[PDB]
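Asks: A single structure is presented below for examination.
Cβ coordinates were reconstructed from backbone atoms using ideal geometry, including for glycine residues, and neighbour counts include every protein chain displayed. Read-outs throughout are calculated quantities, based only on the coordinates presented, and are distinct from any laboratory measurement.
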């Protein structure tokens with residue numbers, strides 16, 4: 001059950017055309033008998049109201065499968081909404097139980113916040129560690145294109161940042177405005193983090209959208225110690 005990103009993955013928000021895309025994917029993902037596109041002429045809000053009997057009456061060959069498939073889509077998407085919230089308040093027990101029941105550890109929210117983005121933003125390093133055990137892509141990006149290394153460097157959790165760089169995080173990954181983690185750390189005034197970024201391979205050449213390096217961002221921030229140290233770089 002590999003959710004196609006083409007589908008908004010929120011059946012309730014599917015359109016009549018989106019329901020046809022889901023049937024088209026399901027016809028090939030499961031090698032089911034050909035399903036007429038007009039079998040379901042409704043939006044996702046309507047599709048969620050039909051019974052399994054209704055699916056059978058509409059598609060005798062695959063209705064069964066389509067309904068059970070649609071039941072798993074609304075189930076895996078629910079576990080992600082619980083894992084994202086659990087990765088926020090530090091419910092490490094709840095974080096490990098949720099992913100043990102089939103929750104996708106790379107499930108992103110509306111802003112594309114992976115559980116790793118939220119865990120690093122709230123100092124939940126343990127959760128980070130257990131998310132990386134499930135193969136969490138540390139190079140993921142949010143709506144703003146900021147990797148978890150960006151949010152970890154901006155929040156000030158250098159212990160997390162070192163764990164991200166240890167698994168190989170893209171240290172030179174620039175933001176949507178070109179703000180590499182060295183820029184978010186220079187804006188937030190993180191000195192050690194920047195020192196950890198420099199040893200792991202921080203790049204000032206990838207300046208911000210305004211053409212400002214870590215020295216310029218720190219000199220524009222107001223903290224001279226972060227400025228002086230960044231200007232020394």
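Asks: Taking the conditions exactly as written (surrounded by 19 or more Cβ atoms within 10 Å (Cβ to Cβ) and either in contact with a helix residue (DSSP H, G or I) (Cβ under 8 Å, 6 or more places away or on another chain) or part of a helix (DSSP H, G or I) (or both)), does residue 216 satisfy them or not?
Replies: Details: surrounded by 19 or more Cβ atoms within 10 Å (Cβ to Cβ): yes; either in contact with a helix residue (DSSP H, G or I) (Cβ under 8 Å, 6 or more places away or on another chain) or part of a helix (DSSP H, G or I) (or both): yes.
So residue 216 passes the test.
Asks: Let me ask something additional. Inside the range 1-36, can you point out the residues that are surrounded by fewer than 17 Cβ atoms within 10 Å (Cβ to Cβ), outside any loop (DSSP other than H, G, I, E, B), over 25 Å from the mean Cα position of the chain (by Cα) and without any contact (Cβ under 8 Å) to a residue 24 or more places away in the chain?
Replies: 17, 24, 28
Asks: Further question: Taking the range 137-149, which residues are surrounded by 20 or more Cβ atoms within 10 Å (Cβ to Cβ) and under 10 Å from the mean Cα position of the chain (by Cα)?
Replies: Let us first name the residues in the range 137-149 that are surrounded by 20 or more Cβ atoms within 10 Å (Cβ to Cβ), namely 138, 141-142, 146-149.
Result: 138, 141, 142, 147, 148.
Asks: A further question on this structure: Which of the residues belonging to the range 175-197 are surrounded by fewer than 22 Cβ atoms within 10 Å (Cβ to Cβ) and either on the phi > 0 side of the Ramachandran plot or in contact with a helix residue (DSSP H, G or I) (Cβ under 8 Å, 6 or more places away or on another chain) (or both)?
Replies: Filtering the range 175-197 down to residues surrounded by fewer than 22 Cβ atoms within 10 Å (Cβ to Cβ) leaves 175-178, 187-189, 191-192, 195-196.
Hits for the range 175-197 are 175, 178, 187, 188, 189, 191, 192, 196.
Asks: Just the residues that are in contact with a helix residue (DSSP H, G or I) (Cβ under 6 Å, 6 or more places away or on another chain) and buried (at least 24 other Cβ atoms within 10 Å of the Cβ), please, taken from the range 119-135.
Replies: 119, 120, 127, 128, 131, listed by residue number.
Asks: One residue is enough: does the range 70-87 have a residue meeting the conditions more than 19 Å from the chain's Cα centre (by Cα), surrounded by 17 or more Cβ atoms within 10 Å (Cβ to Cβ) and within 30 Å of residue 33 (Cα to Cα)?
Replies: Narrowing the range 70-87 to residues more than 19 Å from the chain's Cα centre (by Cα): 70-72.
This time we only want the ones that are surrounded by 17 or more Cβ atoms within 10 Å (Cβ to Cβ), so: 70.
If we keep only those that are within 30 Å of residue 33 (Cα to Cα) too, we end up with 70.
Yes, the range 70-87 has at least one match.
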